[PDB]
Amino acid sequence: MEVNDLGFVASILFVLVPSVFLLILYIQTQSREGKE
Amino acid sequence: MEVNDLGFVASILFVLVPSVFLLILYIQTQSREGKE
Amino acid sequence: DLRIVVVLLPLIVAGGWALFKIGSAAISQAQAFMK
Amino acid sequence: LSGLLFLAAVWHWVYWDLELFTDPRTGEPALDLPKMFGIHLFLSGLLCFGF
Amino acid sequence: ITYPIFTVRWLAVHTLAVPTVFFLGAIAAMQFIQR
Amino acid sequence: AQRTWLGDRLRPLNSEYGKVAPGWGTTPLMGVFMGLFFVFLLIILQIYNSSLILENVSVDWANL
Amino acid sequence: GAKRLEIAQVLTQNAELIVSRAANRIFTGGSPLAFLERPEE
Amino acid sequence: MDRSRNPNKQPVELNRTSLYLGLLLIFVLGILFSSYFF
Amino acid sequence: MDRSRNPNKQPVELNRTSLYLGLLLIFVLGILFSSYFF
Amino acid sequence: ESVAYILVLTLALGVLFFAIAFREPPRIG
Amino acid sequence: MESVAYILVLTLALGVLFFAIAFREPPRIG
Amino acid sequence: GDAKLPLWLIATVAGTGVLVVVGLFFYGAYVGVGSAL
Amino acid sequence: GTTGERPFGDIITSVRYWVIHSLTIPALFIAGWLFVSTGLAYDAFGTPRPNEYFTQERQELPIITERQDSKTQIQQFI
Amino acid sequence: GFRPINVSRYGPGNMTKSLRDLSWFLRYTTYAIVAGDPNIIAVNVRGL
Amino acid sequence: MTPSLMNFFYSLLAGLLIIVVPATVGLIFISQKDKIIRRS
Ligand code: CLA
Ligand SMILES: CCCCCCCCCCCCCCCC(=O)OC[C@H](COP(=O)(O)OC[C@@H](O)CO)OC(=O)CCCCCCCCCCCCCCC
Ligand SMILES: CCCCCCCCCCCCCCCC(=O)OC[C@H](COP(=O)(O)OC[C@@H](O)CO)OC(=O)CCCCCCCCCCCCCCC
Ligand SMILES: CCCCCCCCCCCCO[C@@H]1O[C@H](CO)[C@@H](O[C@H]2O[C@H](CO)[C@@H](O)[C@H](O)[C@H]2O)[C@H](O)[C@H]1O
């Protein structure tokens, strides 16, 4: 079965690197409350 | 030039997903330091 | 070009009724704002 | 050039309030835009006439 | 008590009504004619 | 507020901030340079459309 | 005195412009009249 | 020539429920565009 | 049957300079192992 | 080539589960 | 293909070699 | 002026004035130049 | 609240509106009737008559071949 | 031997006394015109 | 003079003479007649 040889690079960085951007900013925010 | 067809998937997740694990854990400490 | 003449003859009796029936009050409204 | 741009990019991040960004009327940071448009475009006017 | 006759809205409502019933008289006449 | 050698040569280029020409100013000089510019933009749009085609222009691939 | 009031009645509304004529020849780096701490109403 | 401390840099406040919207939005764009990358 | 609040969960304290050690360690393992994945 | 949807489809289904259990409870004030 | 995969992870390792020198935290004595 | 007349009454004759000029158009799909007849 | 001018339910209630609209909106209606019963819209606007599409020398569904002149061709297309 | 002075070398607290004097030089001129005598100009300027 | 320049130049006559001056005279010689009142 034919494939574009590079979409699995492309659609694993398309899904991760904005979501771990988003996953950085939640654990940025939630750790501020918690009474250091 | 021959290539293994899947190392560029393999050595882009080998470098990123522990480093953005590590990049998650540094930001939280900064927020804690701030005291917010 | 006689056919353009008959089609504007209801156009000119449209405004021709607008002269006689309201226009005494229009010049008094044209007398307004001192100009 | 982008390396020499990046080394100059890190210089202004650590060094701010270099006596240039505030008015003399009070110390708040504020820069004149229309006097600076006359000196941005005069450089671009020189550079198109060069080009 | 008294209101002015002509205003901006007298010109706003006549525009798209003077070309409405002149076109409504246009379209009501074209079905009576035939090929 | 840190003086450098750099910032003592550009602070007279950024010494004032809200110095302003008086009321309504040189507006219609800018207006008539705008109306000349829109007419210039209207000329070149129909040079390129070949709707203000002239003699010896021939906007086409026969050119140099 | 009716003439002498008229000289003051031309200068009082023109005094805010006339310093911007005056200070713009002796000051360079800043548009100075805005720096004027005028007495408020 | 000498460093200082910023009177600036407000932090960011990405909410818990706003993480869910951003995580879902990337994943519908994941299931949309992955066919076209193949 | 009914919820409560934990008397637990100490947070984590990964330092600024300890980020540099972990970021470098993954990148030397990146430049080591990427030839072998090819 | 085929398991890249079923990766990212189940992450899209997985975030449907985590929004029903671990929502922020809205407290009236 | 592979040739940019080495140069990526090389210069991303070299970037931390710049960042740890300049942006080391200041140690404070107490 | 004091010649006012109930709007509701002229709401009918303007409404059926609208109705006969759109009722004439649906007559006109069935004889004429577009009817395929 | 108010605007300054006369309201609409005060306009149509006035009988002076209907003396200037018993002889005017039928007059603008019958002017649209003569725009097509005399056939002026066939001449003024470019509509072909419903006998004058296809001539004896032309059965070939006319289109404008060239953009540059485009004015002696329609007079050639009649 | 006169040059116009720059505001940045002069000082904002130093020039806020300066610019109010320029209104004050003509505010007393407008006072002396309706006073009908230039004595108040010619006495608040000697040795300024 | 070219027969497509002057056919463009008659527009800049007429697009001026029909749209612009009956907007400018058609606004300012009615707004200056109905001046608003500031004295309340
Ligand atoms: C007047 C401005 C202007 C314009 C129109 C051009 C046009 C051109 N340049 Mg160019 N250039 C300019 C200034 C300009 N240059 C200057 C100052 C420099 C020095 C930095 C250069 C450096 C340069 C290089 C190095 C190159 C070009 C190239 C080009 C060509 C293609 C790029 C292009 O389409 O740009 C079009 C640009 C514009 C339309 C920008 C104009 C901005 C205007 C002023 C904005 C205002 C419009 C206003 C809002 C509209 C309202 C007006 C009215 C209706 C009221 C083209 C011939 C490139 C090429 O391949 O051709 C050789 C190329 O290699 N030029
Ligand atoms: C070179 C490096 C490249 C890195 C690229 C990174 C790209 C990052 C892009 C991230 C965008 C994430 C969006 C965050 C979302 C987010 O931040 O939370 C919602 C957010 C809430 O804003 P508030 O005003 O509440 O702010 C409160 C703060 O906590 C928010 O930060 O509103 C928006 O941001 C509106 C714009 C996004 C709205 C998107 C919702 C629409 C999609 C719904 C889900 C799809 C379902 C489809 C069903 C078929
Ligand atoms: C399924 C999901 C899979 C996800 C996988 C995630 C894997 C995560 C692994 C992360 C490891 C990161 C290491 C953190 C590193 C780190 O945490 O900082 C150093 C850390 C400091 O500990 P401290 O006692 O100071 O604790 C203070 C805290 O802030 C630390 O959290 O010491 C160690 O952890 C020792 C073990 C690692 C020591 C490694 C140093 C040796 C390598 C040096 C660099 C290489 C250069 C070679 C030159 C040729
Ligand atoms: C191109 C468009 C041209 C067409 C323009 C015509 C559009 C206007 C349509 C007529 C206006 C609608 O008419 C609407 O009727 C209601 C009746 O409930 C009026 O209501 C009126 O009721 C009675 C009159 O008996 C009064 O006591 C009351 O004070 C008044 O409000 C509204 O004031 C009016 O807004």
# chains A, B, ... in the order shown; residues from 1 in each chain; ligands from 1
>>> calpha_fit_rmsd(fixed="chain B", moving="chain A")
0.8 Å
>>> residues_near_ligand(ligand="ligand 1", cutoff="9 Å", atoms="only C-alpha atoms and all ligand atoms", output="ChimeraX atom specification")
/D:41,43-51 /F:34-42
>>> residues_near_ligand(ligand="ligand 4", cutoff="8 Å", atoms="only C-alpha atoms and all ligand atoms", output="list in words")
residues 13, 14, 15, 16, 17 and 20 of chain E; 6, 7 and 8 of chain L; 7, 8, 9, 10, 12 and 13 of chain M
>>> residues_near_ligand(ligand="ligand 2", cutoff="10 Å", atoms="only C-alpha atoms and all ligand atoms", output="PyMOL selection string")
(chain A and resi 13-22+25-26+29) or (chain H and resi 12-29+32) or (chain J and resi 12)
>>> interface_residues(of="chain K", to="chain D", cutoff="12 Å", atoms="only C-alpha atoms", output="list in words")
residues 15, 18, 19, 22 and 23 of chain K
>>> write_last_selection(atoms="C-alpha atoms", output="PDB file, in the first residue's frame")
ATOM      1  CA  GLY K  15      22.270  25.687  21.345  1.00  0.00           C
ATOM      2  CA  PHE K  18      25.351  28.604  24.360  1.00  0.00           C
ATOM      3  CA  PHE K  19      22.425  28.863  26.779  1.00  0.00           C
ATOM      4  CA  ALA K  22      25.107  32.793  29.323  1.00  0.00           C
ATOM      5  CA  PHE K  23      21.910  32.043  31.253  1.00  0.00           C
TER       6      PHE K  23
END
>>> interface_residues(of="chain G", to="chain D", cutoff="9 Å", atoms="only C-alpha atoms", output="list in words")
residues 30, 34 and 35 of chain G
>>> write_last_selection(atoms="C-alpha atoms", output="PDB file, in the first residue's frame")
ATOM      1  CA  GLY G  30      11.255  68.086  22.847  1.00  0.00           C
ATOM      2  CA  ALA G  34       3.178  70.148  26.454  1.00  0.00           C
ATOM      3  CA  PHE G  35       5.863  70.302  29.214  1.00  0.00           C
TER       4      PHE G  35
END
>>> atom_distance(atom1="CA of residue 34 in chain N", atom2="CA of residue 1 in chain G")
7.0 Å
>>> residues_around(residues="residue 4 in chain O", least_positions_apart="2", cutoff="8 Å", atoms="only C-alpha atoms", output="number ranges by chain")
F: 51-54; O: 2, 6-8
>>> write_last_selection(atoms="N, CA, C and O atoms", output="PDB file, in the first residue's frame")
ATOM      1  N   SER F  51      -6.951  48.485 -20.563  1.00  0.00           N
ATOM      2  CA  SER F  51      -8.128  49.316 -20.734  1.00  0.00           C
ATOM      3  C   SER F  51      -7.806  50.801 -20.735  1.00  0.00           C
ATOM      4  O   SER F  51      -8.706  51.607 -20.985  1.00  0.00           O
ATOM      5  N   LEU F  52      -6.557  51.186 -20.475  1.00  0.00           N
ATOM      6  CA  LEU F  52      -6.052  52.467 -20.953  1.00  0.00           C
ATOM      7  C   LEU F  52      -4.823  52.139 -21.788  1.00  0.00           C
ATOM      8  O   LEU F  52      -3.711  52.580 -21.503  1.00  0.00           O
ATOM      9  N   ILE F  53      -5.019  51.249 -22.763  1.00  0.00           N
ATOM     10  CA  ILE F  53      -3.989  50.937 -23.744  1.00  0.00           C
ATOM     11  C   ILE F  53      -3.649  52.193 -24.541  1.00  0.00           C
ATOM     12  O   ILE F  53      -4.521  53.003 -24.867  1.00  0.00           O
ATOM     13  N   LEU F  54      -2.359  52.423 -24.741  1.00  0.00           N
ATOM     14  CA  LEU F  54      -1.862  53.527 -25.540  1.00  0.00           C
ATOM     15  C   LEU F  54      -1.248  52.983 -26.821  1.00  0.00           C
ATOM     16  O   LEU F  54      -1.386  51.802 -27.154  1.00  0.00           O
TER      17      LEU F  54
ATOM     18  N   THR O   2      -4.885  59.370 -27.479  1.00  0.00           N
ATOM     19  CA  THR O   2      -5.241  58.015 -27.874  1.00  0.00           C
ATOM     20  C   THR O   2      -6.714  57.749 -27.547  1.00  0.00           C
ATOM     21  O   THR O   2      -7.223  58.247 -26.535  1.00  0.00           O
ATOM     22  N   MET O   6      -8.494  59.083 -23.783  1.00  0.00           N
ATOM     23  CA  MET O   6      -9.508  60.120 -23.652  1.00  0.00           C
ATOM     24  C   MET O   6     -10.856  59.525 -23.279  1.00  0.00           C
ATOM     25  O   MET O   6     -11.696  60.199 -22.674  1.00  0.00           O
ATOM     26  N   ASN O   7     -11.067  58.248 -23.601  1.00  0.00           N
ATOM     27  CA  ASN O   7     -12.246  57.564 -23.092  1.00  0.00           C
ATOM     28  C   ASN O   7     -12.105  57.248 -21.611  1.00  0.00           C
ATOM     29  O   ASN O   7     -13.112  57.079 -20.919  1.00  0.00           O
ATOM     30  N   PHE O   8     -10.871  57.161 -21.110  1.00  0.00           N
ATOM     31  CA  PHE O   8     -10.640  57.124 -19.669  1.00  0.00           C
ATOM     32  C   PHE O   8     -10.657  58.528 -19.078  1.00  0.00           C
ATOM     33  O   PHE O   8     -11.116  58.725 -17.948  1.00  0.00           O
TER      34      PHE O   8
END
>>> select_by_dssp(residues="chain C", states="helix (DSSP H, G or I)", output="VMD selection string")
chain C and resid 3 to 7 9 to 22 24 to 30 32 to 34
>>> atom_distance(atom1="CA of residue 9 in chain E", atom2="CA of residue 6 in chain M")
10.5 Å
>>> interface_residues(of="chain C", to="chain O", cutoff="9 Å", atoms="only C-alpha atoms", output="PyMOL selection string")
chain C and resi 33-35
>>> residues_around(residues="range 7-11 of chain I", least_positions_apart="6", cutoff="10 Å", atoms="only C-alpha atoms", output="PyMOL selection string")
(chain A and resi 31+34+36) or (chain B and resi 28-29+32)
>>> atom_distance(atom1="CA of residue 33 in chain A", atom2="CA of residue 33 in chain B")
11.9 Å
>>> residues_around(residues="range 19-21 of chain C", least_positions_apart="5", cutoff="9 Å", atoms="only C-alpha atoms", output="NGL selection string")
:M and (16 or 19-20)
>>> decode(residues="range 8-41 of chain D", atoms="N, CA, C and O atoms", output="PDB file, in the first residue's frame")
ATOM      1  N   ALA D   8      23.054  40.034  18.890  1.00  0.00           N
ATOM      2  CA  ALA D   8      22.531  41.346  19.216  1.00  0.00           C
ATOM      3  C   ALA D   8      21.100  41.288  19.720  1.00  0.00           C
ATOM      4  O   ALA D   8      20.657  42.232  20.380  1.00  0.00           O
ATOM      5  N   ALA D   9      20.378  40.206  19.426  1.00  0.00           N
ATOM      6  CA  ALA D   9      19.023  40.056  19.937  1.00  0.00           C
ATOM      7  C   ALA D   9      19.014  39.765  21.423  1.00  0.00           C
ATOM      8  O   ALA D   9      18.063  40.123  22.120  1.00  0.00           O
ATOM      9  N   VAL D  10      20.062  39.118  21.926  1.00  0.00           N
ATOM     10  CA  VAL D  10      20.097  38.816  23.349  1.00  0.00           C
ATOM     11  C   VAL D  10      20.630  39.996  24.139  1.00  0.00           C
ATOM     12  O   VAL D  10      20.506  40.012  25.362  1.00  0.00           O
ATOM     13  N   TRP D  11      21.181  41.004  23.464  1.00  0.00           N
ATOM     14  CA  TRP D  11      21.777  42.123  24.181  1.00  0.00           C
ATOM     15  C   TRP D  11      20.716  43.075  24.704  1.00  0.00           C
ATOM     16  O   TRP D  11      20.802  43.536  25.846  1.00  0.00           O
ATOM     17  N   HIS D  12      19.714  43.391  23.889  1.00  0.00           N
ATOM     18  CA  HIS D  12      18.693  44.319  24.353  1.00  0.00           C
ATOM     19  C   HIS D  12      17.693  43.685  25.303  1.00  0.00           C
ATOM     20  O   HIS D  12      16.903  44.417  25.904  1.00  0.00           O
ATOM     21  N   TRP D  13      17.675  42.361  25.436  1.00  0.00           N
ATOM     22  CA  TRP D  13      16.751  41.751  26.381  1.00  0.00           C
ATOM     23  C   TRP D  13      17.227  41.938  27.811  1.00  0.00           C
ATOM     24  O   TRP D  13      16.412  42.118  28.721  1.00  0.00           O
ATOM     25  N   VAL D  14      18.538  41.903  28.031  1.00  0.00           N
ATOM     26  CA  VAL D  14      19.041  42.029  29.391  1.00  0.00           C
ATOM     27  C   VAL D  14      19.258  43.504  29.714  1.00  0.00           C
ATOM     28  O   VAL D  14      19.110  43.914  30.874  1.00  0.00           O
ATOM     29  N   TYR D  15      19.466  44.336  28.706  1.00  0.00           N
ATOM     30  CA  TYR D  15      19.736  45.753  28.913  1.00  0.00           C
ATOM     31  C   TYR D  15      18.590  46.559  28.323  1.00  0.00           C
ATOM     32  O   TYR D  15      18.422  46.617  27.104  1.00  0.00           O
ATOM     33  N   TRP D  16      17.811  47.180  29.198  1.00  0.00           N
ATOM     34  CA  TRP D  16      16.762  48.114  28.833  1.00  0.00           C
ATOM     35  C   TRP D  16      16.941  49.358  29.693  1.00  0.00           C
ATOM     36  O   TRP D  16      17.781  49.375  30.603  1.00  0.00           O
ATOM     37  N   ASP D  17      16.098  50.363  29.429  1.00  0.00           N
ATOM     38  CA  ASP D  17      16.234  51.742  29.917  1.00  0.00           C
ATOM     39  C   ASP D  17      17.629  52.291  29.638  1.00  0.00           C
ATOM     40  O   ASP D  17      18.389  52.647  30.541  1.00  0.00           O
ATOM     41  N   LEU D  18      17.964  52.329  28.355  1.00  0.00           N
ATOM     42  CA  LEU D  18      19.241  52.895  27.943  1.00  0.00           C
ATOM     43  C   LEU D  18      19.107  54.360  27.548  1.00  0.00           C
ATOM     44  O   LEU D  18      19.614  54.763  26.499  1.00  0.00           O
ATOM     45  N   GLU D  19      18.427  55.141  28.402  1.00  0.00           N
ATOM     46  CA  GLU D  19      18.292  56.610  28.331  1.00  0.00           C
ATOM     47  C   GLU D  19      17.734  57.122  27.004  1.00  0.00           C
ATOM     48  O   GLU D  19      17.987  58.264  26.616  1.00  0.00           O
ATOM     49  N   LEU D  20      16.974  56.296  26.297  1.00  0.00           N
ATOM     50  CA  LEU D  20      16.629  56.609  24.924  1.00  0.00           C
ATOM     51  C   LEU D  20      15.146  56.385  24.736  1.00  0.00           C
ATOM     52  O   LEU D  20      14.522  56.925  23.817  1.00  0.00           O
ATOM     53  N   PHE D  21      14.572  55.603  25.625  1.00  0.00           N
ATOM     54  CA  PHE D  21      13.204  55.170  25.461  1.00  0.00           C
ATOM     55  C   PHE D  21      12.223  55.981  26.281  1.00  0.00           C
ATOM     56  O   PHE D  21      11.015  55.771  26.147  1.00  0.00           O
ATOM     57  N   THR D  22      12.696  56.917  27.091  1.00  0.00           N
ATOM     58  CA  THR D  22      11.811  57.741  27.894  1.00  0.00           C
ATOM     59  C   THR D  22      11.826  59.188  27.420  1.00  0.00           C
ATOM     60  O   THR D  22      12.760  59.639  26.754  1.00  0.00           O
ATOM     61  N   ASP D  23      10.757  59.902  27.738  1.00  0.00           N
ATOM     62  CA  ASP D  23      10.711  61.339  27.540  1.00  0.00           C
ATOM     63  C   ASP D  23      11.457  62.020  28.675  1.00  0.00           C
ATOM     64  O   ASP D  23      11.691  61.425  29.727  1.00  0.00           O
ATOM     65  N   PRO D  24      11.879  63.272  28.489  1.00  0.00           N
ATOM     66  CA  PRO D  24      12.411  64.016  29.636  1.00  0.00           C
ATOM     67  C   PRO D  24      11.333  64.561  30.554  1.00  0.00           C
ATOM     68  O   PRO D  24      11.661  65.020  31.654  1.00  0.00           O
ATOM     69  N   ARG D  25      10.067  64.538  30.147  1.00  0.00           N
ATOM     70  CA  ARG D  25       9.006  65.110  30.962  1.00  0.00           C
ATOM     71  C   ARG D  25       8.662  64.257  32.172  1.00  0.00           C
ATOM     72  O   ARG D  25       8.371  64.818  33.232  1.00  0.00           O
ATOM     73  N   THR D  26       8.705  62.932  32.043  1.00  0.00           N
ATOM     74  CA  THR D  26       8.682  62.008  33.173  1.00  0.00           C
ATOM     75  C   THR D  26       9.368  60.731  32.712  1.00  0.00           C
ATOM     76  O   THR D  26       9.584  60.520  31.519  1.00  0.00           O
ATOM     77  N   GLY D  27       9.661  59.858  33.667  1.00  0.00           N
ATOM     78  CA  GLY D  27      10.501  58.710  33.387  1.00  0.00           C
ATOM     79  C   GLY D  27       9.825  57.496  32.785  1.00  0.00           C
ATOM     80  O   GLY D  27      10.415  56.411  32.771  1.00  0.00           O
ATOM     81  N   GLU D  28       8.601  57.649  32.273  1.00  0.00           N
ATOM     82  CA  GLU D  28       7.931  56.488  31.716  1.00  0.00           C
ATOM     83  C   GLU D  28       8.459  56.205  30.308  1.00  0.00           C
ATOM     84  O   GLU D  28       8.880  57.123  29.597  1.00  0.00           O
ATOM     85  N   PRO D  29       8.544  54.932  29.917  1.00  0.00           N
ATOM     86  CA  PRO D  29       9.107  54.609  28.600  1.00  0.00           C
ATOM     87  C   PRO D  29       8.119  54.904  27.482  1.00  0.00           C
ATOM     88  O   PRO D  29       7.049  54.294  27.405  1.00  0.00           O
ATOM     89  N   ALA D  30       8.487  55.838  26.606  1.00  0.00           N
ATOM     90  CA  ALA D  30       7.634  56.247  25.497  1.00  0.00           C
ATOM     91  C   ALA D  30       8.507  56.847  24.408  1.00  0.00           C
ATOM     92  O   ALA D  30       9.353  57.697  24.695  1.00  0.00           O
ATOM     93  N   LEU D  31       8.288  56.428  23.166  1.00  0.00           N
ATOM     94  CA  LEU D  31       9.132  56.817  22.047  1.00  0.00           C
ATOM     95  C   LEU D  31       8.319  57.572  21.004  1.00  0.00           C
ATOM     96  O   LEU D  31       7.133  57.293  20.802  1.00  0.00           O
ATOM     97  N   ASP D  32       8.957  58.542  20.352  1.00  0.00           N
ATOM     98  CA  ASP D  32       8.302  59.348  19.328  1.00  0.00           C
ATOM     99  C   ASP D  32       8.228  58.567  18.026  1.00  0.00           C
ATOM    100  O   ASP D  32       9.260  58.206  17.455  1.00  0.00           O
ATOM    101  N   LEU D  33       7.017  58.330  17.548  1.00  0.00           N
ATOM    102  CA  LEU D  33       6.825  57.644  16.276  1.00  0.00           C
ATOM    103  C   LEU D  33       6.899  58.502  15.000  1.00  0.00           C
ATOM    104  O   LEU D  33       7.527  58.027  14.046  1.00  0.00           O
ATOM    105  N   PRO D  34       6.309  59.712  14.874  1.00  0.00           N
ATOM    106  CA  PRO D  34       6.406  60.392  13.566  1.00  0.00           C
ATOM    107  C   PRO D  34       7.757  61.004  13.252  1.00  0.00           C
ATOM    108  O   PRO D  34       8.108  61.082  12.068  1.00  0.00           O
ATOM    109  N   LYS D  35       8.520  61.453  14.254  1.00  0.00           N
ATOM    110  CA  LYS D  35       9.905  61.850  13.999  1.00  0.00           C
ATOM    111  C   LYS D  35      10.750  60.651  13.607  1.00  0.00           C
ATOM    112  O   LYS D  35      11.657  60.768  12.776  1.00  0.00           O
ATOM    113  N   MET D  36      10.419  59.477  14.129  1.00  0.00           N
ATOM    114  CA  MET D  36      11.174  58.300  13.746  1.00  0.00           C
ATOM    115  C   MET D  36      10.755  57.762  12.385  1.00  0.00           C
ATOM    116  O   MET D  36      11.540  57.061  11.731  1.00  0.00           O
ATOM    117  N   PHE D  37       9.535  58.064  11.937  1.00  0.00           N
ATOM    118  CA  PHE D  37       9.145  57.639  10.600  1.00  0.00           C
ATOM    119  C   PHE D  37       9.898  58.417   9.538  1.00  0.00           C
ATOM    120  O   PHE D  37      10.226  57.868   8.481  1.00  0.00           O
ATOM    121  N   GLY D  38      10.244  59.668   9.834  1.00  0.00           N
ATOM    122  CA  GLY D  38      11.090  60.441   8.951  1.00  0.00           C
ATOM    123  C   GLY D  38      12.520  59.949   8.863  1.00  0.00           C
ATOM    124  O   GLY D  38      13.209  60.287   7.903  1.00  0.00           O
ATOM    125  N   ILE D  39      12.991  59.187   9.852  1.00  0.00           N
ATOM    126  CA  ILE D  39      14.338  58.640   9.788  1.00  0.00           C
ATOM    127  C   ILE D  39      14.337  57.150   9.428  1.00  0.00           C
ATOM    128  O   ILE D  39      15.390  56.614   9.050  1.00  0.00           O
ATOM    129  N   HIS D  40      13.188  56.472   9.499  1.00  0.00           N
ATOM    130  CA  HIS D  40      13.152  55.143   8.907  1.00  0.00           C
ATOM    131  C   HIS D  40      13.044  55.201   7.402  1.00  0.00           C
ATOM    132  O   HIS D  40      13.713  54.439   6.703  1.00  0.00           O
ATOM    133  N   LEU D  41      12.202  56.085   6.906  1.00  0.00           N
ATOM    134  CA  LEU D  41      11.890  56.102   5.500  1.00  0.00           C
ATOM    135  C   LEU D  41      12.970  56.785   4.684  1.00  0.00           C
ATOM    136  O   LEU D  41      13.170  56.423   3.516  1.00  0.00           O
TER     137      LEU D  41
END
